[PDB]
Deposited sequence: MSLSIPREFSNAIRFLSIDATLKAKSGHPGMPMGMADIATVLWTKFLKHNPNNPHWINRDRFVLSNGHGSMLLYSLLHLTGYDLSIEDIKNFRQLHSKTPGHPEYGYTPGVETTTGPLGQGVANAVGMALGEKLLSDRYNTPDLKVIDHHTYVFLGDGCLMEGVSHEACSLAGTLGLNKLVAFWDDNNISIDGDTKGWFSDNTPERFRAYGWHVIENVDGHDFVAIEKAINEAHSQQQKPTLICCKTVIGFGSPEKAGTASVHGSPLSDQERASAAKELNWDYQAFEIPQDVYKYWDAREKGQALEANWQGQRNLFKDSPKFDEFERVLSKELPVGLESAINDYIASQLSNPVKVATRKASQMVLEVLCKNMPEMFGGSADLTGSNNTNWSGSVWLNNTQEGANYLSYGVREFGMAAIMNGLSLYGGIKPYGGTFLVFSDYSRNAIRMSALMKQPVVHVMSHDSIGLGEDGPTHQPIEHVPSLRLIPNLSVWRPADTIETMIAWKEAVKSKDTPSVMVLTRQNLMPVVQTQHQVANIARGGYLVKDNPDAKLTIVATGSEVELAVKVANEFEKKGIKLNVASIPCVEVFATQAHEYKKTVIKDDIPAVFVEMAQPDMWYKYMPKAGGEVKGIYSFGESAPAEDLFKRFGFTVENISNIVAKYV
């Protein structure tokens, strides 16, 4: 039953040989962690290479940088559809083997890593997912969800603040099926001197210190100990030698950089008694590693549980949430809400409009899992049950003041399956969580990032809290829909589009201050989903005011003033530029007519609006400075967002 080093050395040589060929990538960390990986993957991991999508598989995340070949080696050796040729094309065009692992095509890659720290937070989100689905669907007689989450992490991950956010939260939530392995291979002394075990005990984790990461038996015992934990997530502190097996390179961290020379490879092969040439793996080694037969048996055993679940009360819901389809009754519920708003219009902040909408969505969607990062701006609904207080039926989480951690955990929840996460903070704090938002876009995960307090209209908190560049800065991120609704019906349509989206995350940009309703007609409702539409449509319009969010009501008031003077204006609302940009050419030119001027009005940095300037010309009115601490009314006067000032601008053209 003992594991010969030969079997782990297969990882070391595939990693060395691949990086040498690519002249790019790093073999040090894979050489350091190969024995740990061998024990975990061959003695514990529950997985099926023939079905990387098996819903009860253990989840594995490689969070730490460089060392991508560790994961590709594991997937190849165990029999996933990742070939020796793919390994020979590590870091080349379109391959299954990019320099950093990418979720979505390579079989068995659970998340996209590269930026440090976020892999650990994604793993936290995956472990939370397992907890949530097991709670939702298991019964005393039948467990259909029951598995672990494993993550490998390094010193760089531990230095990153997002690791503090995610691991502090993992400890509070008691994610006992989360097991982390730290590659403790240390020049870090000059800048990294934390007592890491003490830090993790401070988070309420179980910590296993001083595990020899090159001793197969010690590693196995540590994993056994981790499995016995009923209450706390576990950190296994694995002492390793970076570049283990290389007499010349072992322990230098220069091996954490460049590939090995031809001569160093041969020297490593001598030191390790490895008899094989580049990319050659003997059949004996493949025989130990291949997990196809065992994995088929594991899934077949679990299928027995799924069959027992057939026809149970929550079976149809389970199938539906896993399929990612919306409930059949949602459309009718949404139309009823919109009809109610047309009948009895209200003047409310869009943060409140969003809360009213979530009452409708969450009643109808058991998969929705909300949250907020504070010490909850309208992210809760009447039926919210906070996981902080209650395990039973939990559908909401207060993340504390952890904006980046919240965003990266939600990426893990989205990847996990059966869950539609959304989570709120003030829009300025998108600066803290920015790269996790980008990652939701890159991984095509339709997370909803709810961002309140969207402009100088928030008033007295002042310039540190007032967004200026934020809305357009988020518009620049590929594959991210930025919705900035004007009123309760625009807010409903924006959320509908956001939850319907299969592959694109959204930002929901919401006001502090109350706004008068602007949508008047059922005809406008379908056009709101087109991202831009006419609030005022006059055949003899002389100019278009184009606005979003809180500026649409300002535009209407100005159009009212000009109406009195016998001058017709059009008013266009563009609640989502990204969506509007994809519409038909003819449609876009009906909303922003090409042969009359346009004035673009938005309380944000307005340079991007010149893209939409009609042939007839016009100008943009935005904000280019930081804000000020004052009541909202005084700020609107100071920055020129007044009926009088916008009228004076329009007057230049008509």
property	result
Unmodelled intervals of the deposited chain, in order	1-2, 189-193, 383-384
